[PDB]
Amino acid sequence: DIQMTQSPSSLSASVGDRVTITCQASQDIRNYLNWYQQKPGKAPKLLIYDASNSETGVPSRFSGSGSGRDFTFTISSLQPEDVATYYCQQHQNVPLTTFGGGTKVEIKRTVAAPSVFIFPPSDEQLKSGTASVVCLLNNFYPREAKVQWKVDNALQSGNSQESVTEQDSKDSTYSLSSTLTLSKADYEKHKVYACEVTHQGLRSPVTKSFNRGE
């Protein structure tokens, strides 16, 4: 039973850089080795079969070399759309095995400030006894960011859940969604709802807000 190792586990590079992933097999596999690319959400696409052969329709910037136990995948000029997780896979004999998790490739770009937006609960939702206050942080970099909720100047905790997108394929930025959820009863108690965010492109923490009764 063959084991595959890739390296690095993950890496950051700049647009135009040369990225070089290496694969290694626990035993001789001649050149029976494929490379796959999976973008977030989508299904894997084939890029290179049997070590060095380029699949049809695959950009010229993708190549592969190696044989035996040692292999290399290369993107000559890294593009924004190349952000994905790359898996190597042997077919010397079944079970077809890969490296768990593969290799995540991320872009490093200039710092970007988030454009912040706040949303109050919809009258529709308040009817059913629950208020979802949502904060949006649009197109920023790097990923790291602090979102902080305040009701009547009171910082909140445990009533918040956030979700972050993967790196955009066009502009290499991230976006974040934070949702504060309260029972309609607790939403009715307080007036001023705020969302303070701390990034790196911000001169100082930014605060978007509103109050019940437009």
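The numbering used is simple: start at 1 and walk along the sequence shown.
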{"property": "Segment of higher mean CA temperature factor, 201-209 or 18-26", "result": "201-209"}
{"property": "Stretch with the greater mean C-alpha B-factor as recorded in the entry, comparing 184-192 against 53-61", "result": "184-192"}
{"property": "Of the residues 164, 43, 151, 46, the one carrying the largest Cα B-factor as recorded", "result": "151"}
{"property": "Third of the chain, ranked by Cα B-factor, where residue 175 sits", "result": "middle"}
{"property": "Record-listed C-alpha B factor of residue 110: chain third", "result": "middle"}
{"property": "CA B-factor ranking of residue 143, expressed as a third of its chain", "result": "middle"}
{"property": "Cα B factor band for residue 88 (lowest, middle or highest third within the chain)", "result": "lowest"}
{"property": "Residue 82 by Cα B-factor - lowest, middle or highest third of the modelled chain", "result": "middle"}
